[PDB]
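K.L.:
Protein chains in written order, with the UniProt record's numbering: chain H, 58 to 133; chain C, 55 to 142.
By construction, the Cβ of each residue, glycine as well, lies at the ideal position given by its N, Cα and C atoms.
Can you read through this structure? Questions will come right after.
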């Protein structure tokens, strides 16, 4: 119907979009921040759990020998 | 001059906005992808960690069950050693 309206309306929308996206970028950056912290935590757990299961297996293997040696005493 | 000066400013602003927008969305796609890989890796960790935790519990019980058994034997050995020493 008039002059400079479409130009204003478009600028309006586009301007709202730009804010919306700048906010998005902040959140995404925050998300990455957290994920990295969660990753370190997980890494620590997995290394700890892995080393540990290995130790456990080692202990079983040890108990196994000891147990069999004790059984072997009934031979004397 | 007055309105034309104004409109030219508007048209420039619009020109700038278009550029900035495509710029931000490119970055937003980039940022999302990073997140995406992080996720896919968090998932591989979640997997290994759960699996390993289960195995850990399985081993804990085994070592525990074995230890009790090894005890009853060390006990029994003594009951046997005490009777041999007494009777002798």
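(1) List the residues of chain C whose Cβ lies closer than 7 Å to the Cβ of residue 55 (chain H), in chain order.
(2) Looking at C-alpha atoms only, which residue of H:71, H:88, H:102 is the closest neighbour of residue 93 (chain C)?
(3) Considering Cα atoms alone, identify which of H:133, H:113, H:131 is closest to residue 121 (chain C).
(4) Quick one: which residues of the stretch 70-98 of chain H get their C-beta closer than 8 Å to a C-beta of chain C? List them in chain order.
(5) Hey, would you say residue 64 (chain C) sits closer than 7 Å to residue 64 (chain H), going by beta carbons?
(6) For residue 120 (chain H), return the contacting residues in chain C, with the cut-off set at a CB-CB distance below 8 Å.
(7) Output yes if chain H places a C-beta closer than 7 Å to the C-beta of residue 109 (chain C); else output no.
(8) Assuming residue 124 (chain H) and residue 127 (chain C) make a contact with CB atoms under 8 Å, what is their CB distance in whole Å?
(9) Assign residue 61 (chain H) to one of three DSSP states: helix, strand, or coil.
(10) Out of curiosity, what's the CA-to-CA distance linking residue 85 (chain C) and residue 91 (chain H)?
(11) Give the secondary structure of residue 133 (chain H) by DSSP, where H, G and I count as helix, E and B as strand, and everything else as coil.
(12) Whole angstroms is fine: what's the gap from residue 104 (chain H)'s alpha carbon to residue 135 (chain C)'s?
(13) Hey, does residue 63 (chain H) have any beta-carbon neighbour from chain C nearer than 7 Å?
P.N.:
Here's the rundown:
(1) An answer regarding residue 55 (chain H) cannot be provided, because it is not within the stretch 58 to 133 covered by chain H.
(2) H:88
(3) H:113
(4) 71, 72, 74, 75, 78, 79, 81, 82, 85, 86, 88, 89, 92, 93, 95, 96
(5) yes
(6) 117, 120, 121, 124
(7) yes
(8) So it is a contact: roughly 7 Å between Cβ atoms.
(9) coil
(10) 14 Å
(11) coil
(12) 45 Å
(13) Cβ-Cβ to chain C under 7 Å: no for residue 63 (chain H).
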